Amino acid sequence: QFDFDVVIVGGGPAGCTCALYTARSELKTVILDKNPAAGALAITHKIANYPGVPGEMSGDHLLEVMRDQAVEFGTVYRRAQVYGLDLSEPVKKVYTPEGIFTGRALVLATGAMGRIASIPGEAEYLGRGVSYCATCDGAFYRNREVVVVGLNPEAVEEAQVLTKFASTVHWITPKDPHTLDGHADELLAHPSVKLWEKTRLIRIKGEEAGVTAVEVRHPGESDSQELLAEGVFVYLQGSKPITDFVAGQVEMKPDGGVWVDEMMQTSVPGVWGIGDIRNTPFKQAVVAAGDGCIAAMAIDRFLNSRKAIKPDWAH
């Protein structure tokens, strides 16, 4: 349930492929996946350049097939957002709200859907009202006012989490939620949710204790509105490797991606990095999947103390 041979953080094509191979090597494997709908491949509406997969195929259907493959061979798939890591000892510790997972090998596979803090006050009030994990921090906003920024499946799922604690969930979207064709109708039917459609969060403000309010504005208008709030959860999609939860414990190439050697291993022994978290220019699904298999096979050699890399053929 919590102690594994392999812990994989992130369930995109990189992580699902790594797990496929480690599970086939009869290594006890877990994928900790924040949100299956939030990875780059998952949000591709059509993919026509994945070799071996012809015709009309949506990215989230393709990911589902790979996830199902990994699970068919024994992977434990868990919905769990990783908020931190302890890499100090040979057994790696992976902190989530669902509990602490341990692995003899750890794979970082979180992709590059991350955004640098963009909004005035966002960087300034992080850890003081500004948060990127509702399952981590939601309980602290029982009977308090909170703000969710973003229109994407992560924002919708995290807002649902916060409706079990907050007084009011202010939802700020740049488009009307009608734009997800009903995918947000349950959320919007919740009596706690106030929808601020086609508005932008231009500033987050507070005191030293933390956030007290936000400034919101309709694009093209001169008038702003202040909303009192104590929690601001920002779920905007970007271009950047998701690495802040690693808290600088692995070395980064200047580009901001995770540095790795020929065999996908980071600067920390026992820790691998695969897929778009590495921030190479070759952001394609089959490349990501390839990284994951390389790491899986280096991991199998490491964890079974083999004298050479073992090919996985004929079955």
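Numbering starts at 1 and follows the sequence shown.
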{"query": "Per the entry, higher mean C-alpha B factor between 82-90 and 238-246", "finding": "82-90"}
{"query": "Segment of higher mean CA temperature factor, 249-257 or 34-42", "finding": "249-257"}
{"query": "C-alpha B-factor winner, where the candidates are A159, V71, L228, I100", "finding": "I100"}
{"query": "Which of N152, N143, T110, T163 ranks first by CA B-factor in the deposited coordinates", "finding": "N143"}
{"query": "Where the record places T199 (Cα B-factor, split into thirds across the chain)", "finding": "middle"}
{"query": "Relative C-alpha B-factor of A23, binned into the chain's lowest, middle or highest third", "finding": "middle"}
{"query": "B-factor third for the C-alpha atom of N279 within its chain", "finding": "middle"}
{"query": "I299 - which third its CA temperature factor falls in, relative to the rest of the chain", "finding": "highest"}
{"query": "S58 by Cα B-factor - lowest, middle or highest third of the modelled chain", "finding": "highest"}
